[PDB]
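Let me begin by presenting the structure, written as structure tokens, before commenting on it.
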Amino acid sequence: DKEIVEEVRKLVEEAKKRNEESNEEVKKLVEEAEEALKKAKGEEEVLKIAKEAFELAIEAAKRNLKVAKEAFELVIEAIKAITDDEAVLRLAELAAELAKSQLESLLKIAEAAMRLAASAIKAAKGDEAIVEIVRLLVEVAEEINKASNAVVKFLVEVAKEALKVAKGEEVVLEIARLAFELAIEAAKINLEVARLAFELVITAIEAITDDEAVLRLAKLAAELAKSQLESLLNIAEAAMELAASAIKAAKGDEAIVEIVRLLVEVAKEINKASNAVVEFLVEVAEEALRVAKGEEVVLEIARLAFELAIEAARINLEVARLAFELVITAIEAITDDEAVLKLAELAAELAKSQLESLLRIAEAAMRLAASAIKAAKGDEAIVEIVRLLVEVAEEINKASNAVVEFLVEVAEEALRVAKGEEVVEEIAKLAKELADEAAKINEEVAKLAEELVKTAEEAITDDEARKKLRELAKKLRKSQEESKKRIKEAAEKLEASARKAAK
């Protein structure tokens, strides 16, 4: 019991002092390369130094996983024994502290690699050398996400094992709460390494002369942005299974509402981290549009940033769909009309989050195009930017509709189980408001898009381009009116469900 609770306690301490030595050997490793870069008078030699230095950091990241995986595998073993639920919780808190250490050590590795790339950029005179540096840094940061998610997948595995042994309810809520906070902590570690790597691409831009490399730094920025977004999506998928497994061993209804309530909060941090990395991506594009002197390059930047924004709305949508099936699952294990009414609210709260998240994506692609207009000269290239823009807007309506239909699908299940009359009435109340909040976003998006076509029409002369820009304005109002219709039809389908299920 305590003779093996003390054992894992001593295993975590050494694993944390190995991590403390892990990035210690990395800080010394970076300073050496910085000393060599400072003195090495070369250009193919600045790259070979950064290359093998980035590779040493990638290996040290794979080392931290070899420690954490062997350490987590041991914690699982000590859970196989131990009868006391009062001492599984001890073992569960020890695993959370361990994974928070590996992720802190992983962030510290990327920060040291972040320094090395900047040292490689000063001692690099050619544009071709700068771009090969950033392409090597994106390689390191992409393995930092992969190791960060691996630590998360192995922690939520430790939680799953401790849940099967858990007999008491309050022990389960603690296990769930402890491992949700780690997914949240890991979500912010991923956002930290994104902002760092994005600011390096900025300093890489400020050293570039040609317009060719500026496009290659935007492509390299778009690569990391999808990498950061899918890395957060995997985190969301990790907390989903932990939420489902925490419910299979959940005692009663109050424990399941609280498990879903904690689940929603994680899905929030995923939306707020997704938003923050999309804004960061747009600034790098804005820093790259300001310096671009050619329209053949300006178009390629906005088009790449809009693909990111579109893919952001789709990952915003999957995280919603992940959290919505889980809410449906929780309703299946609820016997109280009070705890099923409190599962519809937390669903309608996760819906308002995805829409405010969708809007912030839209607002980001707005100022992206706005900067593209100013960096564009000629009515033709201006219209194509608006074209690529309302494409983003059309995928904001569709993702909004899908967000509402997912919520109505959840209301349809809570209704079928709500055997009480005021519950049927309450579920319908809090549901139609998300449709009013949906049409409110659909109008906010349109106003935003309305300012942009007016902006484009001002910097336009060639009458034909005005006809093209007029066909897009008609296109945009068309898509948001359809989206407005597909939202009323959802509330109409749902208003005829409190009718059936109630007297």
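Chain lettering (A, B, ...) mirrors the order of the structure tokens, residue numbering begins at 1 for each chain separately, and ligand numbering begins at 1 in order of display.
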
Residues of range 283-337 of chain A at most 7 Å from range 389-397 of chain A: nearest atom pair and distance in Å, only C-alpha atoms, as JSON lines:
{"residue": "A:306", "atom": "CA", "partner": "A:392", "partner_atom": "CA", "distance": 6.4}
{"residue": "A:309", "atom": "CA", "partner": "A:392", "partner_atom": "CA", "distance": 6.9}
{"residue": "A:310", "atom": "CA", "partner": "A:392", "partner_atom": "CA", "distance": 5.8}
{"residue": "A:313", "atom": "CA", "partner": "A:396", "partner_atom": "CA", "distance": 6.8}

Shell around residue 252 in chain A at 8 Å using only C-alpha atoms, local window under 4 positions removed, as a count of residues only: 3

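Minimum atom-to-atom distances from A:31, A:433, A:181, A:405 to residue 262 in chain A were compared using only C-alpha atoms, and the lowest value belongs to A:181.
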
9 Å contact set for range 187-198 of chain A, only C-alpha atoms, chain neighbours under 2 positions out, as a PyMOL selection string: chain A and resi 103-104+106-107+110-111+114+134+137-138+141+144-145+148+182-185+200-202+221+224-225+228+231-232+235-236+266+269-270+273-274+276-277+280-281+283-284

Shortest interatomic distance to residue 156 in chain A - which of A:178, A:242, A:112, A:60, counting only C-alpha atoms: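 For residue 156 in chain A, the nearest of the candidates is A:242.
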
Would you mind listing, for every residue of range 255-310 of chain A within 9 Å of range 368-371 of chain A, the two atoms forming the shortest contact and the distance between them in Å to one decimal, using only C-alpha atoms, sorted by chain and ascending residue number, as a tab-separated table?
residue	atom	partner	partner_atom	distance
A:282	CA	A:368	CA	6.1
A:283	CA	A:368	CA	7.9
A:285	CA	A:368	CA	7.4
A:286	CA	A:371	CA	6.4
A:289	CA	A:371	CA	7.1
A:290	CA	A:371	CA	7.8
A:302	CA	A:369	CA	6.6
A:305	CA	A:368	CA	7.7
A:306	CA	A:368	CA	8.4

Would you write out those residues with N, CA, C and O atoms, as a PDB file, in the first residue's frame?
ATOM      1  N   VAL A 282      -1.817  34.608 -38.960  1.00  0.00           N
ATOM      2  CA  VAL A 282      -2.202  35.717 -39.829  1.00  0.00           C
ATOM      3  C   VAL A 282      -1.193  36.858 -39.730  1.00  0.00           C
ATOM      4  O   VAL A 282      -0.893  37.522 -40.730  1.00  0.00           O
ATOM      5  N   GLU A 283      -0.645  37.100 -38.535  1.00  0.00           N
ATOM      6  CA  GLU A 283       0.361  38.148 -38.383  1.00  0.00           C
ATOM      7  C   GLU A 283       1.593  37.854 -39.228  1.00  0.00           C
ATOM      8  O   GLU A 283       2.135  38.748 -39.888  1.00  0.00           O
ATOM      9  N   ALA A 285       1.664  36.172 -41.931  1.00  0.00           N
ATOM     10  CA  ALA A 285       1.243  36.526 -43.281  1.00  0.00           C
ATOM     11  C   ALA A 285       1.198  38.038 -43.461  1.00  0.00           C
ATOM     12  O   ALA A 285       1.569  38.553 -44.521  1.00  0.00           O
ATOM     13  N   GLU A 286       0.754  38.765 -42.433  1.00  0.00           N
ATOM     14  CA  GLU A 286       0.723  40.222 -42.517  1.00  0.00           C
ATOM     15  C   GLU A 286       2.131  40.799 -42.561  1.00  0.00           C
ATOM     16  O   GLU A 286       2.391  41.765 -43.289  1.00  0.00           O
ATOM     17  N   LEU A 289       3.085  40.056 -46.115  1.00  0.00           N
ATOM     18  CA  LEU A 289       2.429  40.869 -47.135  1.00  0.00           C
ATOM     19  C   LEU A 289       3.042  42.262 -47.202  1.00  0.00           C
ATOM     20  O   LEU A 289       3.206  42.823 -48.293  1.00  0.00           O
ATOM     21  N   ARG A 290       3.386  42.833 -46.044  1.00  0.00           N
ATOM     22  CA  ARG A 290       3.992  44.160 -46.012  1.00  0.00           C
ATOM     23  C   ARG A 290       5.293  44.196 -46.803  1.00  0.00           C
ATOM     24  O   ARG A 290       5.599  45.193 -47.468  1.00  0.00           O
ATOM     25  N   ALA A 302      -2.118  35.312 -49.138  1.00  0.00           N
ATOM     26  CA  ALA A 302      -3.502  35.326 -48.675  1.00  0.00           C
ATOM     27  C   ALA A 302      -4.186  33.990 -48.936  1.00  0.00           C
ATOM     28  O   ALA A 302      -4.898  33.469 -48.070  1.00  0.00           O
ATOM     29  N   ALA A 305      -3.071  31.681 -46.288  1.00  0.00           N
ATOM     30  CA  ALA A 305      -3.657  31.986 -44.989  1.00  0.00           C
ATOM     31  C   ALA A 305      -5.141  31.645 -44.949  1.00  0.00           C
ATOM     32  O   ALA A 305      -5.660  31.273 -43.890  1.00  0.00           O
ATOM     33  N   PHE A 306      -5.838  31.760 -46.083  1.00  0.00           N
ATOM     34  CA  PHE A 306      -7.261  31.439 -46.104  1.00  0.00           C
ATOM     35  C   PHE A 306      -7.490  29.935 -46.015  1.00  0.00           C
ATOM     36  O   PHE A 306      -8.459  29.486 -45.390  1.00  0.00           O
TER      37      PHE A 306
END

Interatomic distance (Å, one decimal) between CA of residue 108 in chain A and CA of residue 23 in chain A: 6.5 Å

Between CA of residue 213 in chain A and CA of residue 132 in chain A - distance in Å to one decimal: 10.0 Å

Counting only C-alpha atoms, the option among A:436, A:157, A:422, A:212 closest to residue 76 in chain A: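 That would be A:157, the residue with the smallest distance to residue 76 in chain A.
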
Exercise: residue 95 in chain A partners within 8 Å, only C-alpha atoms, chain neighbours under 3 positions left out, as a PyMOL selection string: chain A and resi 12+72+75+91-92+98-99+155+158

Quick one: write out the picked residues with N, CA and C atoms as a PDB file, in the first residue's frame?
ATOM      1  N   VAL A  12       9.101   9.282  -9.502  1.00  0.00           N
ATOM      2  CA  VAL A  12       8.786  10.559 -10.134  1.00  0.00           C
ATOM      3  C   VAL A  12       9.899  11.570  -9.887  1.00  0.00           C
ATOM      4  N   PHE A  72       5.650   6.074 -16.884  1.00  0.00           N
ATOM      5  CA  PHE A  72       4.206   5.866 -16.822  1.00  0.00           C
ATOM      6  C   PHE A  72       3.866   4.383 -16.788  1.00  0.00           C
ATOM      7  N   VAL A  75       4.007   3.283 -13.278  1.00  0.00           N
ATOM      8  CA  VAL A  75       2.885   3.760 -12.472  1.00  0.00           C
ATOM      9  C   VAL A  75       1.647   2.906 -12.722  1.00  0.00           C
ATOM     10  N   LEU A  91      -1.389   7.877  -6.244  1.00  0.00           N
ATOM     11  CA  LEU A  91      -0.692   7.461  -7.458  1.00  0.00           C
ATOM     12  C   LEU A  91      -1.166   8.237  -8.682  1.00  0.00           C
ATOM     13  N   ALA A  92      -2.425   8.685  -8.683  1.00  0.00           N
ATOM     14  CA  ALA A  92      -2.940   9.452  -9.814  1.00  0.00           C
ATOM     15  C   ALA A  92      -2.386  10.873  -9.833  1.00  0.00           C
ATOM     16  N   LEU A  98       4.192  14.224 -12.986  1.00  0.00           N
ATOM     17  CA  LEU A  98       5.242  13.738 -13.873  1.00  0.00           C
ATOM     18  C   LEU A  98       5.039  14.230 -15.299  1.00  0.00           C
ATOM     19  N   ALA A  99       3.810  14.140 -15.813  1.00  0.00           N
ATOM     20  CA  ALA A  99       3.559  14.568 -17.184  1.00  0.00           C
ATOM     21  C   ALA A  99       3.678  16.079 -17.334  1.00  0.00           C
ATOM     22  N   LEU A 155      -0.586   9.702 -20.282  1.00  0.00           N
ATOM     23  CA  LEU A 155      -1.178  10.082 -19.005  1.00  0.00           C
ATOM     24  C   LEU A 155      -2.642   9.666 -18.944  1.00  0.00           C
ATOM     25  N   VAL A 158      -2.804   6.160 -18.100  1.00  0.00           N
ATOM     26  CA  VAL A 158      -2.646   5.909 -16.670  1.00  0.00           C
ATOM     27  C   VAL A 158      -3.952   6.187 -15.938  1.00  0.00           C
TER      28      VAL A 158
END

For residue 359 in chain A: contacts at 10 Å, only C-alpha atoms, fewer than 5 positions along chain excluded, given as a PyMOL selection string: chain A and resi 275+313+353-354+364-365+393+396-397+400+441-442+444-445+448

May I have the selected residues written with N, CA and C atoms, as a PDB file, in the first residue's frame?
ATOM      1  N   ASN A 275      -7.928  29.305 -31.820  1.00  0.00           N
ATOM      2  CA  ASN A 275      -8.053  30.695 -32.241  1.00  0.00           C
ATOM      3  C   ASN A 275      -6.716  31.412 -32.156  1.00  0.00           C
ATOM      4  N   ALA A 313     -11.667  26.222 -39.225  1.00  0.00           N
ATOM      5  CA  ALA A 313     -13.094  26.053 -38.985  1.00  0.00           C
ATOM      6  C   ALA A 313     -13.492  24.583 -38.999  1.00  0.00           C
ATOM      7  N   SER A 353     -19.377  28.503 -27.552  1.00  0.00           N
ATOM      8  CA  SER A 353     -17.927  28.635 -27.628  1.00  0.00           C
ATOM      9  C   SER A 353     -17.433  28.431 -29.055  1.00  0.00           C
ATOM     10  N   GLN A 354     -17.923  27.386 -29.731  1.00  0.00           N
ATOM     11  CA  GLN A 354     -17.487  27.133 -31.101  1.00  0.00           C
ATOM     12  C   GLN A 354     -17.891  28.263 -32.039  1.00  0.00           C
ATOM     13  N   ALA A 364     -10.255  37.150 -38.090  1.00  0.00           N
ATOM     14  CA  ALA A 364      -8.832  37.076 -38.403  1.00  0.00           C
ATOM     15  C   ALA A 364      -8.603  37.099 -39.908  1.00  0.00           C
ATOM     16  N   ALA A 365      -9.338  36.266 -40.649  1.00  0.00           N
ATOM     17  CA  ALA A 365      -9.235  36.282 -42.103  1.00  0.00           C
ATOM     18  C   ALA A 365      -9.707  37.603 -42.696  1.00  0.00           C
ATOM     19  N   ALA A 393     -15.710  32.915 -45.751  1.00  0.00           N
ATOM     20  CA  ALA A 393     -16.981  33.275 -45.131  1.00  0.00           C
ATOM     21  C   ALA A 393     -18.038  32.203 -45.364  1.00  0.00           C
ATOM     22  N   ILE A 396     -17.671  29.623 -42.913  1.00  0.00           N
ATOM     23  CA  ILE A 396     -18.020  30.037 -41.558  1.00  0.00           C
ATOM     24  C   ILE A 396     -19.502  29.815 -41.291  1.00  0.00           C
ATOM     25  N   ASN A 397     -20.339  30.055 -42.301  1.00  0.00           N
ATOM     26  CA  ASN A 397     -21.760  29.747 -42.185  1.00  0.00           C
ATOM     27  C   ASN A 397     -21.986  28.246 -42.047  1.00  0.00           C
ATOM     28  N   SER A 400     -21.080  27.004 -38.826  1.00  0.00           N
ATOM     29  CA  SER A 400     -22.049  27.482 -37.845  1.00  0.00           C
ATOM     30  C   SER A 400     -23.313  26.633 -37.871  1.00  0.00           C
ATOM     31  N   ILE A 441     -24.274  35.581 -34.897  1.00  0.00           N
ATOM     32  CA  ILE A 441     -22.947  35.433 -35.489  1.00  0.00           C
ATOM     33  C   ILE A 441     -23.028  35.542 -37.005  1.00  0.00           C
ATOM     34  N   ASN A 442     -24.020  34.882 -37.609  1.00  0.00           N
ATOM     35  CA  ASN A 442     -24.158  34.912 -39.063  1.00  0.00           C
ATOM     36  C   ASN A 442     -24.327  36.334 -39.583  1.00  0.00           C
ATOM     37  N   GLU A 444     -22.981  39.025 -37.771  1.00  0.00           N
ATOM     38  CA  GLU A 444     -21.693  39.644 -37.477  1.00  0.00           C
ATOM     39  C   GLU A 444     -20.666  39.313 -38.554  1.00  0.00           C
ATOM     40  N   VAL A 445     -20.664  38.067 -39.035  1.00  0.00           N
ATOM     41  CA  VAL A 445     -19.777  37.691 -40.136  1.00  0.00           C
ATOM     42  C   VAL A 445     -20.078  38.531 -41.371  1.00  0.00           C
ATOM     43  N   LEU A 448     -18.855  42.149 -41.207  1.00  0.00           N
ATOM     44  CA  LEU A 448     -17.413  42.087 -41.408  1.00  0.00           C
ATOM     45  C   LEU A 448     -17.072  41.939 -42.885  1.00  0.00           C
TER      46      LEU A 448
END

For CA of residue 121 in chain A and CA of residue 297 in chain A, the interatomic separation in Å (one decimal):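 Taking CA of residue 121 in chain A as the start and CA of residue 297 in chain A as the end point, the length is 22.7 Å.
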
Selection: 12 Å around range 412-416 of chain A, only C-alpha atoms, excl. self and same-chain fewer than 5 positions, as a count of residues only: 47

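Across A:44, A:142, A:13, A:206, the tightest approach to residue 124 in chain A is made by A:44 when counting only C-alpha atoms.
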
Nearest to residue 399 in chain A, chosen from A:9, A:419, A:321, A:164, with only C-alpha atoms counted in the distances: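 Of A:9, A:419, A:321, A:164, the one nearest residue 399 in chain A, counting only C-alpha atoms, is A:321.
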
Shell of 9 Å around residue 466 in chain A, only C-alpha atoms, local chain residues under 6 positions omitted, as a list in words: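 Counting only C-alpha atoms, the residues come to residues 379, 383, 457 and 460 of chain A.
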